[PDB]
Each structure stands twice: as C-alpha cells, then as structure tokens.
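Trainee: Supplied structure: work15.txt, compact mmCIF, N, CA and C atoms.
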```txt
# COMPACT_ATOMS: atom_id res chain seq x y z
N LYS A 1 -53.41 -5.26 -11.77
CA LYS A 1 -52.02 -4.97 -11.37
C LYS A 1 -51.13 -4.33 -12.46
N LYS A 2 -50.40 -5.16 -13.20
CA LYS A 2 -49.39 -4.68 -14.13
C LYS A 2 -49.99 -4.35 -15.50
N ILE A 3 -49.53 -3.24 -16.06
CA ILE A 3 -49.96 -2.75 -17.35
C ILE A 3 -48.74 -2.70 -18.25
N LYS A 4 -48.92 -3.06 -19.51
CA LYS A 4 -47.87 -2.93 -20.51
C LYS A 4 -48.20 -1.77 -21.44
N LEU A 5 -47.20 -0.92 -21.68
CA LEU A 5 -47.32 0.21 -22.58
C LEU A 5 -46.64 -0.14 -23.89
N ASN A 6 -47.27 0.28 -24.98
CA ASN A 6 -46.65 0.22 -26.30
C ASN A 6 -46.90 1.50 -27.05
N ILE A 7 -45.90 1.98 -27.74
CA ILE A 7 -46.06 3.21 -28.50
C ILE A 7 -46.66 2.88 -29.86
N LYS A 8 -47.83 3.43 -30.15
CA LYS A 8 -48.44 3.21 -31.48
C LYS A 8 -48.06 4.35 -32.41
N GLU A 9 -47.98 5.57 -31.89
CA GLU A 9 -47.61 6.73 -32.71
C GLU A 9 -46.81 7.66 -31.83
N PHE A 10 -45.77 8.24 -32.40
CA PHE A 10 -44.93 9.16 -31.63
C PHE A 10 -44.48 10.27 -32.56
N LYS A 11 -44.69 11.51 -32.16
CA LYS A 11 -44.16 12.62 -32.96
C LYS A 11 -43.45 13.57 -32.02
N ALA A 12 -42.23 13.94 -32.36
CA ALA A 12 -41.44 14.87 -31.58
C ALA A 12 -41.03 16.01 -32.49
N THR A 13 -41.19 17.25 -32.01
CA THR A 13 -40.84 18.41 -32.83
C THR A 13 -40.09 19.40 -31.95
N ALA A 14 -39.02 19.99 -32.49
CA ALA A 14 -38.34 21.03 -31.73
C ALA A 14 -37.92 22.12 -32.69
N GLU A 15 -38.17 23.36 -32.33
CA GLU A 15 -37.85 24.50 -33.22
C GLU A 15 -36.92 25.48 -32.54
N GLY A 16 -35.98 26.03 -33.34
CA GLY A 16 -35.13 27.08 -32.84
C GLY A 16 -33.91 26.62 -32.07
N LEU A 17 -33.60 25.31 -32.05
CA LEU A 17 -32.51 24.83 -31.20
C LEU A 17 -31.12 25.13 -31.77
N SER A 18 -30.17 25.41 -30.86
CA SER A 18 -28.75 25.37 -31.20
C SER A 18 -28.29 23.95 -31.54
N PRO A 19 -27.10 23.79 -32.12
CA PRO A 19 -26.64 22.41 -32.36
C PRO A 19 -26.53 21.58 -31.08
N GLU A 20 -26.01 22.16 -29.99
CA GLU A 20 -25.96 21.54 -28.66
C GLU A 20 -27.34 21.10 -28.17
N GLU A 21 -28.31 22.02 -28.25
CA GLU A 21 -29.67 21.74 -27.83
C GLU A 21 -30.30 20.66 -28.69
N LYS A 22 -30.00 20.66 -30.00
CA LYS A 22 -30.53 19.61 -30.85
C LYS A 22 -29.99 18.24 -30.44
N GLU A 23 -28.71 18.17 -30.11
CA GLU A 23 -28.14 16.91 -29.61
C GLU A 23 -28.89 16.41 -28.39
N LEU A 24 -29.11 17.33 -27.40
CA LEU A 24 -29.90 17.00 -26.20
C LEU A 24 -31.30 16.50 -26.56
N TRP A 25 -32.01 17.24 -27.41
CA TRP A 25 -33.38 16.85 -27.77
C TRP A 25 -33.39 15.47 -28.42
N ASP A 26 -32.47 15.24 -29.36
CA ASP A 26 -32.38 13.94 -30.02
C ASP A 26 -32.18 12.84 -29.00
N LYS A 27 -31.31 13.06 -28.01
CA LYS A 27 -31.11 12.03 -26.98
C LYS A 27 -32.37 11.80 -26.19
N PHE A 28 -33.05 12.89 -25.83
CA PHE A 28 -34.25 12.77 -25.02
C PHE A 28 -35.33 12.00 -25.77
N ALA A 29 -35.54 12.33 -27.04
CA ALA A 29 -36.55 11.65 -27.87
C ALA A 29 -36.25 10.16 -27.99
N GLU A 30 -35.00 9.83 -28.30
CA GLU A 30 -34.58 8.42 -28.38
C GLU A 30 -34.82 7.69 -27.07
N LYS A 31 -34.56 8.36 -25.96
CA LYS A 31 -34.74 7.73 -24.67
C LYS A 31 -36.22 7.53 -24.34
N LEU A 32 -37.06 8.50 -24.70
CA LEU A 32 -38.51 8.35 -24.51
C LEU A 32 -39.02 7.14 -25.27
N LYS A 33 -38.64 7.04 -26.56
CA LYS A 33 -39.08 5.93 -27.40
C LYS A 33 -38.64 4.59 -26.84
N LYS A 34 -37.40 4.50 -26.41
CA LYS A 34 -36.92 3.23 -25.89
C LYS A 34 -37.57 2.89 -24.56
N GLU A 35 -37.71 3.86 -23.68
CA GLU A 35 -38.14 3.51 -22.34
C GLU A 35 -39.64 3.24 -22.28
N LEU A 36 -40.42 3.87 -23.13
CA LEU A 36 -41.86 3.68 -23.01
C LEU A 36 -42.32 2.45 -23.76
N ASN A 37 -41.65 2.08 -24.86
CA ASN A 37 -42.13 0.94 -25.62
C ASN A 37 -41.85 -0.39 -24.90
N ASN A 38 -42.91 -1.21 -24.72
CA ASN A 38 -42.85 -2.47 -23.97
C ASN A 38 -42.62 -2.26 -22.48
N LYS A 39 -42.90 -1.08 -21.97
CA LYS A 39 -42.64 -0.83 -20.56
C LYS A 39 -43.75 -1.45 -19.74
N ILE A 40 -43.41 -2.08 -18.62
CA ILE A 40 -44.40 -2.60 -17.66
C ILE A 40 -44.45 -1.63 -16.49
N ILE A 41 -45.62 -1.08 -16.21
CA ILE A 41 -45.82 -0.10 -15.14
C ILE A 41 -46.94 -0.62 -14.24
N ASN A 42 -47.03 -0.05 -13.03
CA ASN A 42 -48.12 -0.30 -12.10
C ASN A 42 -48.92 0.99 -11.89
N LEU A 43 -50.20 0.83 -11.54
CA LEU A 43 -51.01 1.93 -11.03
C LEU A 43 -50.28 2.69 -9.93
N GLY A 44 -50.29 4.01 -10.03
CA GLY A 44 -49.66 4.86 -9.05
C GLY A 44 -48.17 5.04 -9.20
N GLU A 45 -47.53 4.31 -10.12
CA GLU A 45 -46.08 4.34 -10.28
C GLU A 45 -45.74 5.42 -11.30
N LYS A 46 -44.96 6.42 -10.90
CA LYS A 46 -44.61 7.50 -11.83
C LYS A 46 -43.35 7.11 -12.60
N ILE A 47 -43.41 7.24 -13.92
CA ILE A 47 -42.27 7.08 -14.82
C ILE A 47 -41.66 8.47 -15.04
N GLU A 48 -40.34 8.58 -14.97
CA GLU A 48 -39.71 9.86 -15.25
C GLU A 48 -38.52 9.66 -16.17
N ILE A 49 -38.42 10.47 -17.21
CA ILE A 49 -37.40 10.33 -18.24
C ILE A 49 -36.78 11.71 -18.40
N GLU A 50 -35.45 11.81 -18.19
CA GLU A 50 -34.85 13.13 -18.19
C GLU A 50 -33.54 13.14 -18.96
N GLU A 51 -33.28 14.29 -19.56
CA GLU A 51 -31.99 14.50 -20.21
C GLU A 51 -31.50 15.90 -19.86
N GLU A 52 -30.20 16.02 -19.62
CA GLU A 52 -29.65 17.32 -19.25
C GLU A 52 -28.36 17.64 -19.99
N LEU A 53 -28.07 18.94 -20.12
CA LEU A 53 -26.79 19.40 -20.60
C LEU A 53 -26.31 20.53 -19.71
N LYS A 54 -25.10 20.40 -19.18
CA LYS A 54 -24.43 21.47 -18.46
C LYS A 54 -23.22 21.92 -19.25
N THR A 55 -23.15 23.22 -19.48
CA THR A 55 -22.13 23.90 -20.27
C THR A 55 -21.41 24.91 -19.42
N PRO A 56 -20.26 25.44 -19.86
CA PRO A 56 -19.64 26.52 -19.07
C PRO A 56 -20.54 27.71 -18.81
N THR A 57 -21.55 27.95 -19.64
CA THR A 57 -22.39 29.13 -19.50
C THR A 57 -23.84 28.85 -19.17
N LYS A 58 -24.32 27.62 -19.33
CA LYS A 58 -25.75 27.35 -19.39
C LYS A 58 -26.02 25.92 -18.90
N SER A 59 -27.19 25.72 -18.29
CA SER A 59 -27.71 24.40 -17.94
C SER A 59 -29.07 24.28 -18.58
N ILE A 60 -29.39 23.12 -19.18
CA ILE A 60 -30.74 22.86 -19.68
C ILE A 60 -31.14 21.45 -19.28
N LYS A 61 -32.32 21.30 -18.65
CA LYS A 61 -32.80 19.97 -18.25
C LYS A 61 -34.22 19.79 -18.76
N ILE A 62 -34.48 18.69 -19.46
CA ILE A 62 -35.82 18.38 -19.96
C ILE A 62 -36.28 17.13 -19.24
N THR A 63 -37.51 17.16 -18.72
CA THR A 63 -38.07 16.03 -17.98
C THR A 63 -39.47 15.71 -18.50
N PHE A 64 -39.72 14.44 -18.77
CA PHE A 64 -41.04 13.94 -19.07
C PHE A 64 -41.47 13.00 -17.96
N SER A 65 -42.71 13.14 -17.50
CA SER A 65 -43.20 12.16 -16.54
C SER A 65 -44.51 11.58 -17.03
N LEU A 66 -44.75 10.36 -16.63
CA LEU A 66 -46.01 9.69 -16.92
C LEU A 66 -46.46 8.91 -15.70
N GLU A 67 -47.73 9.04 -15.34
CA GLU A 67 -48.25 8.29 -14.21
C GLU A 67 -49.62 7.75 -14.54
N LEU A 68 -49.85 6.46 -14.27
CA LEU A 68 -51.19 5.90 -14.39
C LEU A 68 -51.89 6.21 -13.07
N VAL A 69 -52.78 7.21 -13.08
CA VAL A 69 -53.32 7.73 -11.84
C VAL A 69 -54.63 7.05 -11.43
N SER A 70 -55.33 6.40 -12.36
CA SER A 70 -56.48 5.56 -12.05
C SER A 70 -56.49 4.47 -13.10
N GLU A 71 -57.45 3.52 -13.00
CA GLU A 71 -57.36 2.36 -13.89
C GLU A 71 -57.38 2.75 -15.37
N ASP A 72 -57.93 3.91 -15.72
CA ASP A 72 -58.11 4.27 -17.12
C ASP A 72 -57.61 5.67 -17.44
N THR A 73 -56.88 6.31 -16.53
CA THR A 73 -56.49 7.71 -16.70
C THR A 73 -55.00 7.87 -16.41
N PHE A 74 -54.32 8.58 -17.28
CA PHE A 74 -52.92 8.91 -17.16
C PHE A 74 -52.75 10.41 -16.90
N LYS A 75 -51.62 10.76 -16.31
CA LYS A 75 -51.17 12.16 -16.18
C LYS A 75 -49.77 12.25 -16.77
N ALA A 76 -49.56 13.14 -17.75
CA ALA A 76 -48.22 13.28 -18.33
C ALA A 76 -47.76 14.72 -18.14
N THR A 77 -46.45 14.88 -18.00
CA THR A 77 -45.89 16.22 -17.79
C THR A 77 -44.67 16.38 -18.67
N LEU A 78 -44.48 17.58 -19.19
CA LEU A 78 -43.21 17.95 -19.83
C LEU A 78 -42.70 19.22 -19.17
N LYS A 79 -41.42 19.22 -18.80
CA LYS A 79 -40.86 20.32 -18.01
C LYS A 79 -39.51 20.65 -18.60
N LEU A 80 -39.26 21.96 -18.73
CA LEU A 80 -37.96 22.42 -19.20
C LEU A 80 -37.42 23.42 -18.19
N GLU A 81 -36.17 23.23 -17.78
CA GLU A 81 -35.49 24.14 -16.84
C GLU A 81 -34.22 24.63 -17.47
N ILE A 82 -34.07 25.96 -17.55
CA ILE A 82 -32.88 26.61 -18.07
C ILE A 82 -32.26 27.44 -16.96
N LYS A 83 -30.94 27.36 -16.85
CA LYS A 83 -30.21 28.14 -15.84
C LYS A 83 -28.99 28.75 -16.50
N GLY A 84 -28.50 29.86 -15.91
CA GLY A 84 -27.33 30.54 -16.43
C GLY A 84 -27.58 32.04 -16.59
N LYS A 85 -27.45 32.55 -17.82
CA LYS A 85 -27.82 33.94 -18.10
C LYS A 85 -29.29 34.19 -17.82
N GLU A 86 -30.13 33.17 -18.04
CA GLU A 86 -31.56 33.24 -17.79
C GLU A 86 -31.91 32.02 -16.97
N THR A 87 -32.83 32.19 -16.03
CA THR A 87 -33.31 31.08 -15.21
C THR A 87 -34.82 31.04 -15.43
N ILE A 88 -35.26 29.99 -16.11
CA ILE A 88 -36.65 29.87 -16.56
C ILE A 88 -37.07 28.43 -16.34
N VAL A 89 -38.31 28.24 -15.90
CA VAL A 89 -38.91 26.91 -15.87
C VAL A 89 -40.23 26.99 -16.63
N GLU A 90 -40.47 26.02 -17.49
CA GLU A 90 -41.74 25.89 -18.18
C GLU A 90 -42.28 24.49 -17.90
N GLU A 91 -43.56 24.41 -17.58
CA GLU A 91 -44.07 23.06 -17.33
C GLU A 91 -45.52 22.98 -17.82
N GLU A 92 -45.86 21.84 -18.43
CA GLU A 92 -47.25 21.58 -18.83
C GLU A 92 -47.60 20.16 -18.40
N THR A 93 -48.79 20.04 -17.78
CA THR A 93 -49.36 18.77 -17.33
C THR A 93 -50.72 18.56 -17.98
N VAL A 94 -50.96 17.35 -18.55
CA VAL A 94 -52.26 17.03 -19.18
C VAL A 94 -52.69 15.67 -18.67
N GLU A 95 -53.92 15.56 -18.18
CA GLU A 95 -54.51 14.24 -17.90
C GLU A 95 -55.20 13.74 -19.17
N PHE A 96 -55.15 12.43 -19.41
CA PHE A 96 -55.81 11.87 -20.59
C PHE A 96 -56.24 10.45 -20.29
N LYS A 97 -57.26 10.00 -21.02
CA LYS A 97 -57.74 8.65 -20.85
C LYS A 97 -56.85 7.67 -21.62
N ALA A 98 -56.73 6.44 -21.12
CA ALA A 98 -56.11 5.41 -21.96
C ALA A 98 -56.88 5.22 -23.28
N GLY A 99 -56.16 5.24 -24.40
CA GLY A 99 -56.75 5.28 -25.72
C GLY A 99 -56.75 6.66 -26.33
N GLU A 100 -56.44 7.68 -25.56
CA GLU A 100 -56.31 9.03 -26.10
C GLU A 100 -54.85 9.30 -26.42
N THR A 101 -54.63 10.07 -27.48
CA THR A 101 -53.33 10.64 -27.75
C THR A 101 -53.11 11.78 -26.76
N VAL A 102 -51.88 11.96 -26.32
CA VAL A 102 -51.56 13.11 -25.46
C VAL A 102 -50.60 14.01 -26.22
N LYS A 103 -50.81 15.33 -26.14
CA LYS A 103 -49.89 16.26 -26.80
C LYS A 103 -49.37 17.17 -25.70
N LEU A 104 -48.05 17.36 -25.65
CA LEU A 104 -47.44 18.24 -24.64
C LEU A 104 -46.59 19.25 -25.39
N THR A 105 -46.70 20.53 -25.07
CA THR A 105 -45.81 21.46 -25.77
C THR A 105 -45.31 22.48 -24.75
N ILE A 106 -44.06 22.88 -24.94
CA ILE A 106 -43.38 23.89 -24.12
C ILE A 106 -42.84 24.95 -25.06
N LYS A 107 -42.93 26.22 -24.68
CA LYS A 107 -42.30 27.26 -25.51
C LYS A 107 -41.56 28.17 -24.56
N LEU A 108 -40.28 28.44 -24.88
CA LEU A 108 -39.52 29.36 -24.06
C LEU A 108 -39.79 30.78 -24.48
N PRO A 109 -39.50 31.75 -23.62
CA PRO A 109 -39.74 33.14 -24.01
C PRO A 109 -38.98 33.55 -25.26
N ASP A 110 -37.86 32.89 -25.60
CA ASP A 110 -37.09 33.26 -26.78
C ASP A 110 -37.61 32.58 -28.05
N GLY A 111 -38.70 31.84 -27.95
CA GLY A 111 -39.35 31.26 -29.10
C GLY A 111 -39.02 29.80 -29.34
N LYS A 112 -38.00 29.25 -28.66
CA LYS A 112 -37.71 27.82 -28.81
C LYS A 112 -38.90 27.02 -28.39
N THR A 113 -39.24 25.98 -29.17
CA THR A 113 -40.44 25.19 -28.86
C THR A 113 -40.15 23.71 -28.92
N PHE A 114 -40.75 22.98 -27.98
CA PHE A 114 -40.54 21.54 -27.85
C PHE A 114 -41.90 20.88 -27.78
N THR A 115 -42.16 19.89 -28.64
CA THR A 115 -43.49 19.28 -28.64
C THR A 115 -43.37 17.76 -28.71
N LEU A 116 -44.22 17.08 -27.93
CA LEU A 116 -44.32 15.62 -27.99
C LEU A 116 -45.77 15.26 -28.24
N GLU A 117 -46.02 14.32 -29.17
CA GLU A 117 -47.37 13.83 -29.32
C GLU A 117 -47.27 12.31 -29.26
N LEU A 118 -48.02 11.69 -28.36
CA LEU A 118 -47.75 10.28 -28.09
C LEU A 118 -49.07 9.55 -28.00
N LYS A 119 -49.22 8.48 -28.79
CA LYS A 119 -50.39 7.60 -28.70
C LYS A 119 -49.88 6.29 -28.09
N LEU A 120 -50.22 6.07 -26.82
CA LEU A 120 -49.81 4.84 -26.12
C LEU A 120 -50.97 3.88 -26.12
N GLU A 121 -50.68 2.59 -26.28
CA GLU A 121 -51.63 1.55 -26.01
C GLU A 121 -51.25 0.96 -24.66
N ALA A 122 -52.18 0.94 -23.72
CA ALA A 122 -51.95 0.35 -22.40
C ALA A 122 -52.85 -0.84 -22.22
N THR A 123 -52.28 -2.02 -21.90
CA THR A 123 -53.06 -3.24 -21.76
C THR A 123 -52.69 -3.94 -20.48
N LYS A 124 -53.66 -4.66 -19.92
CA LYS A 124 -53.40 -5.39 -18.69
C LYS A 124 -52.53 -6.59 -19.01
N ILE A 125 -51.61 -6.90 -18.10
CA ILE A 125 -50.77 -8.06 -18.30
C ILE A 125 -50.58 -8.75 -16.96
```
What would you get if you wrote out this structure as structure tokens?

Mentor:
Amino acid sequence: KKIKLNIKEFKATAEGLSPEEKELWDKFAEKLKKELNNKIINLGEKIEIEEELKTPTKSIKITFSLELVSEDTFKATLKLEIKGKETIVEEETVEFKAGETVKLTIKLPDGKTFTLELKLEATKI
C-alpha cells in the first residue's frame, strides 16, 4: 500500500535566468524539497508540484510530476510553459526504477536551462 519517500540527494541547476525567474526557480526548488521529503504516496497516485509567475508581459509556469506507476518503477516529468511575446512548452518525461537517480532537464530556445537531479529512497510503510 503506502510508500514513504525521502530525498537522499538533490541537485537543482538553472542557467540564464532573470532576477524574476530566479525567484520563481528558488521557490520551486524549495517546494520540491519540502514536499517530497517524508512524503507518503500510494501506487498510482500522481504527485504534482508547480510554481508560476504572471507579469504584465509574460507568464511562466514550471511543473514537476512524480508517479509510482508499478511497485518498483516511477515516472517523473518536468514541464515549462512560457506565454506572452513567445508561447513555448518544453516537457521531458523519464521512467526510472526505485533506487535509481532521476535527472530531468529542460532547455528553452533562448538558452535558459533548468535541471533537477533527484535520488529518492522509497520504502514500504
């Protein structure tokens, strides 16, 4: 039934951000760390963690999802949506085994890059 997640290693990297975008990224990273550590999840239950900024000229939304899709396999996604002068969506999905580190990276056409590397320990509880 219930699985407990704990973060053993976490690395977040972002390149090319404006000061506004850096504030957003910092919030998103802090929220990922808090929400995933000690989290109790069930098989088939999708976790979604999102942060957004809406400005007079631009919208940016970053979404991370995690789902335990079988007893020993996870699916994680990182998605970035930009609206305004440019409307772009970038998304990457990686399946990984429990005990594997997962790395997710997004790069926008303008060179901005967002990367998460996460080693989760998942145990039955």

Trainee: Around (-45.7, 20.0, -19.1), as given in the file, which residues come within 9 Å? Count only C-alpha atoms and list them as a tab-separated table (two decimals) with N, CA and C atoms, keeping the file's coordinate frame.

Mentor:
```
chain	number	residue	atom	x	y	z
A	63	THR	N	-37.51	17.16	-18.72
A	63	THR	CA	-38.07	16.03	-17.98
A	63	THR	C	-39.47	15.71	-18.50
A	64	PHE	N	-39.72	14.44	-18.77
A	64	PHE	CA	-41.04	13.94	-19.07
A	64	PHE	C	-41.47	13.00	-17.96
A	65	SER	N	-42.71	13.14	-17.50
A	65	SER	CA	-43.20	12.16	-16.54
A	65	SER	C	-44.51	11.58	-17.03
A	76	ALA	N	-49.56	13.14	-17.75
A	76	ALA	CA	-48.22	13.28	-18.33
A	76	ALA	C	-47.76	14.72	-18.14
A	77	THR	N	-46.45	14.88	-18.00
A	77	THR	CA	-45.89	16.22	-17.79
A	77	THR	C	-44.67	16.38	-18.67
A	78	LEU	N	-44.48	17.58	-19.19
A	78	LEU	CA	-43.21	17.95	-19.83
A	78	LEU	C	-42.70	19.22	-19.17
A	79	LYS	N	-41.42	19.22	-18.80
A	79	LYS	CA	-40.86	20.32	-18.01
A	79	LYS	C	-39.51	20.65	-18.60
A	80	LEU	N	-39.26	21.96	-18.73
A	80	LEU	CA	-37.96	22.42	-19.20
A	80	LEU	C	-37.42	23.42	-18.19
A	90	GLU	N	-40.47	26.02	-17.49
A	90	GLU	CA	-41.74	25.89	-18.18
A	90	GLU	C	-42.28	24.49	-17.90
A	91	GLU	N	-43.56	24.41	-17.58
A	91	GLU	CA	-44.07	23.06	-17.33
A	91	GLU	C	-45.52	22.98	-17.82
A	92	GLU	N	-45.86	21.84	-18.43
A	92	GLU	CA	-47.25	21.58	-18.83
A	92	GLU	C	-47.60	20.16	-18.40
A	93	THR	N	-48.79	20.04	-17.78
A	93	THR	CA	-49.36	18.77	-17.33
A	93	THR	C	-50.72	18.56	-17.98
A	94	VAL	N	-50.96	17.35	-18.55
A	94	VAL	CA	-52.26	17.03	-19.18
A	94	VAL	C	-52.69	15.67	-18.67
A	104	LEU	N	-48.05	17.36	-25.65
A	104	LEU	CA	-47.44	18.24	-24.64
A	104	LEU	C	-46.59	19.25	-25.39
A	105	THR	N	-46.70	20.53	-25.07
A	105	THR	CA	-45.81	21.46	-25.77
A	105	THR	C	-45.31	22.48	-24.75
A	106	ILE	N	-44.06	22.88	-24.94
A	106	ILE	CA	-43.38	23.89	-24.12
A	106	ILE	C	-42.84	24.95	-25.06
```

Trainee: Out of A:50, A:108, A:12, A:1, which residue has the shortest atom-to-atom distance to residue 27 in chain A when counting all atoms listed in the file?

Mentor: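 Of all the options, A:50 lies closest to residue 27 in chain A.
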
Trainee: Out of A:8, A:62, A:15, A:34, which residue has the shortest atom-to-atom distance to residue 101 in chain A when counting only C-alpha atoms?

Mentor: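 Using only C-alpha atoms, the shortest distance to residue 101 in chain A belongs to A:8.
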
Trainee: Return the single residue from A:83, A:103, A:75, A:31 that is closest to residue 57 in chain A, with distances computed using only N, CA and C atoms.

Mentor: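 Smallest distance to residue 57 in chain A is found for A:83.
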
Trainee: List the neighbours of residue 85 in chain A out to 10 Å using only C-alpha atoms; skip same-chain residues closer than 2 positions along the sequence, and give me the result as a PyMOL selection string.

Mentor: chain A and resi 57-59+82-83+87-88

Trainee: Give as number ranges by chain the set of residues within 6 Å of the point (-38.4, 5.4, -19.5), where distances use the file's coordinates and only C-alpha atoms.

Mentor: A: 32, 35-36, 49

Trainee: One number please: CA of residue 53 in chain A to CA of residue 111 in chain A, in Å, one decimal.

Mentor: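 So the answer is 19.3 Å.
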
Trainee: At what distance in Å, to one decimal, does CA of residue 10 in chain A lie from atom C of residue 54 in chain A?

Mentor: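 Interatomic distance, atom C of residue 54 in chain A to CA of residue 10 in chain A: 28.1 Å.
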
Trainee: Do you have the CA of residue 107 in chain A-atom N of residue 47 in chain A distance handy?

Mentor: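 CA of residue 107 in chain A sits 23.2 Å away from atom N of residue 47 in chain A.
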
Trainee: Can you work out which one of A:33, A:2, A:39, A:22 has the shortest atom-to-atom distance to residue 117 in chain A, counting only C-alpha atoms?

Mentor: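 Looking only at the distances to residue 117 in chain A, the closest residue turns out to be A:33.
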
Trainee: Going by DSSP on the backbone, which residues of chain A come out as strand (DSSP E)? List them as an MDAnalysis selection string.

Mentor: chainID A and resid 2:15 39:42 46:54 59:70 73:83 88:97 101:107 113:124

Trainee: A:81, A:52, A:95, A:121: which is nearest residue 24 in chain A, counting all atoms listed in the file?

Mentor: A:52

Trainee: Near residue 69 in chain A, counting all atoms listed in the file, which residues have an atom at most 6.5 Å away, once you skip same-chain residues fewer than 5 positions from it, shown as an MDAnalysis selection string?

Mentor: chainID A and resid 43:44 74:75

Trainee: Those residues you just picked out, can you put them in a file as a PDB file, in the frame of the given file with N, CA and C atoms?

Mentor:
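Writing done, so here's part.pdb:
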```pdb
ATOM      1  N   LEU A  43     -50.200   0.830 -11.540  1.00  0.00           N
ATOM      2  CA  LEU A  43     -51.010   1.930 -11.030  1.00  0.00           C
ATOM      3  C   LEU A  43     -50.280   2.690  -9.930  1.00  0.00           C
ATOM      4  N   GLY A  44     -50.290   4.010 -10.030  1.00  0.00           N
ATOM      5  CA  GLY A  44     -49.660   4.860  -9.050  1.00  0.00           C
ATOM      6  C   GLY A  44     -48.170   5.040  -9.200  1.00  0.00           C
ATOM      7  N   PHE A  74     -54.320   8.580 -17.280  1.00  0.00           N
ATOM      8  CA  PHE A  74     -52.920   8.910 -17.160  1.00  0.00           C
ATOM      9  C   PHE A  74     -52.750  10.410 -16.900  1.00  0.00           C
ATOM     10  N   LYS A  75     -51.620  10.760 -16.310  1.00  0.00           N
ATOM     11  CA  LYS A  75     -51.170  12.160 -16.180  1.00  0.00           C
ATOM     12  C   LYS A  75     -49.770  12.250 -16.770  1.00  0.00           C
TER      13      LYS A  75
END
```

Trainee: Missing atoms in range 27-41 of chain A: fill them in up to N, CA, C and O atoms and send the result as a PDB file, keeping the file's coordinate frame.

Mentor:
```pdb
ATOM      1  N   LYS A  27     -31.310  13.060 -28.010  1.00  0.00           N
ATOM      2  CA  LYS A  27     -31.110  12.030 -26.980  1.00  0.00           C
ATOM      3  C   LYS A  27     -32.370  11.800 -26.190  1.00  0.00           C
ATOM      4  O   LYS A  27     -32.713  10.650 -25.877  1.00  0.00           O
ATOM      5  N   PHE A  28     -33.050  12.890 -25.830  1.00  0.00           N
ATOM      6  CA  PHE A  28     -34.250  12.770 -25.020  1.00  0.00           C
ATOM      7  C   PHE A  28     -35.330  12.000 -25.770  1.00  0.00           C
ATOM      8  O   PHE A  28     -35.976  11.114 -25.198  1.00  0.00           O
ATOM      9  N   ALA A  29     -35.540  12.330 -27.040  1.00  0.00           N
ATOM     10  CA  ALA A  29     -36.550  11.650 -27.870  1.00  0.00           C
ATOM     11  C   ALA A  29     -36.250  10.160 -27.990  1.00  0.00           C
ATOM     12  O   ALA A  29     -37.152   9.321 -27.846  1.00  0.00           O
ATOM     13  N   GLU A  30     -35.000   9.830 -28.300  1.00  0.00           N
ATOM     14  CA  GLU A  30     -34.580   8.420 -28.380  1.00  0.00           C
ATOM     15  C   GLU A  30     -34.820   7.690 -27.070  1.00  0.00           C
ATOM     16  O   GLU A  30     -35.355   6.575 -27.064  1.00  0.00           O
ATOM     17  N   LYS A  31     -34.560   8.360 -25.960  1.00  0.00           N
ATOM     18  CA  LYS A  31     -34.740   7.730 -24.670  1.00  0.00           C
ATOM     19  C   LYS A  31     -36.220   7.530 -24.340  1.00  0.00           C
ATOM     20  O   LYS A  31     -36.601   6.486 -23.770  1.00  0.00           O
ATOM     21  N   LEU A  32     -37.060   8.500 -24.700  1.00  0.00           N
ATOM     22  CA  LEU A  32     -38.510   8.350 -24.510  1.00  0.00           C
ATOM     23  C   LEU A  32     -39.020   7.140 -25.270  1.00  0.00           C
ATOM     24  O   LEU A  32     -39.747   6.300 -24.730  1.00  0.00           O
ATOM     25  N   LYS A  33     -38.640   7.040 -26.560  1.00  0.00           N
ATOM     26  CA  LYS A  33     -39.080   5.930 -27.400  1.00  0.00           C
ATOM     27  C   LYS A  33     -38.640   4.590 -26.840  1.00  0.00           C
ATOM     28  O   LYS A  33     -39.410   3.615 -26.831  1.00  0.00           O
ATOM     29  N   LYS A  34     -37.400   4.500 -26.410  1.00  0.00           N
ATOM     30  CA  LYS A  34     -36.920   3.230 -25.890  1.00  0.00           C
ATOM     31  C   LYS A  34     -37.570   2.890 -24.560  1.00  0.00           C
ATOM     32  O   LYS A  34     -37.935   1.730 -24.324  1.00  0.00           O
ATOM     33  N   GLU A  35     -37.710   3.860 -23.680  1.00  0.00           N
ATOM     34  CA  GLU A  35     -38.140   3.510 -22.340  1.00  0.00           C
ATOM     35  C   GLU A  35     -39.640   3.240 -22.280  1.00  0.00           C
ATOM     36  O   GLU A  35     -40.074   2.409 -21.472  1.00  0.00           O
ATOM     37  N   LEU A  36     -40.420   3.870 -23.130  1.00  0.00           N
ATOM     38  CA  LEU A  36     -41.860   3.680 -23.010  1.00  0.00           C
ATOM     39  C   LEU A  36     -42.320   2.450 -23.760  1.00  0.00           C
ATOM     40  O   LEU A  36     -43.278   1.822 -23.317  1.00  0.00           O
ATOM     41  N   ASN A  37     -41.650   2.080 -24.860  1.00  0.00           N
ATOM     42  CA  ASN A  37     -42.130   0.940 -25.620  1.00  0.00           C
ATOM     43  C   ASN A  37     -41.850  -0.390 -24.900  1.00  0.00           C
ATOM     44  O   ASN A  37     -40.719  -0.665 -24.501  1.00  0.00           O
ATOM     45  N   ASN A  38     -42.910  -1.210 -24.720  1.00  0.00           N
ATOM     46  CA  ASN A  38     -42.850  -2.470 -23.970  1.00  0.00           C
ATOM     47  C   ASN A  38     -42.620  -2.260 -22.480  1.00  0.00           C
ATOM     48  O   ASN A  38     -42.145  -3.164 -21.791  1.00  0.00           O
ATOM     49  N   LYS A  39     -42.900  -1.080 -21.970  1.00  0.00           N
ATOM     50  CA  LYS A  39     -42.640  -0.830 -20.560  1.00  0.00           C
ATOM     51  C   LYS A  39     -43.750  -1.450 -19.740  1.00  0.00           C
ATOM     52  O   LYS A  39     -44.912  -1.357 -20.116  1.00  0.00           O
ATOM     53  N   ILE A  40     -43.410  -2.080 -18.620  1.00  0.00           N
ATOM     54  CA  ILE A  40     -44.400  -2.600 -17.660  1.00  0.00           C
ATOM     55  C   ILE A  40     -44.450  -1.630 -16.490  1.00  0.00           C
ATOM     56  O   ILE A  40     -43.406  -1.313 -15.905  1.00  0.00           O
ATOM     57  N   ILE A  41     -45.620  -1.080 -16.210  1.00  0.00           N
ATOM     58  CA  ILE A  41     -45.820  -0.100 -15.140  1.00  0.00           C
ATOM     59  C   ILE A  41     -46.940  -0.620 -14.240  1.00  0.00           C
ATOM     60  O   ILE A  41     -47.707  -1.513 -14.625  1.00  0.00           O
TER      61      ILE A  41
END
```
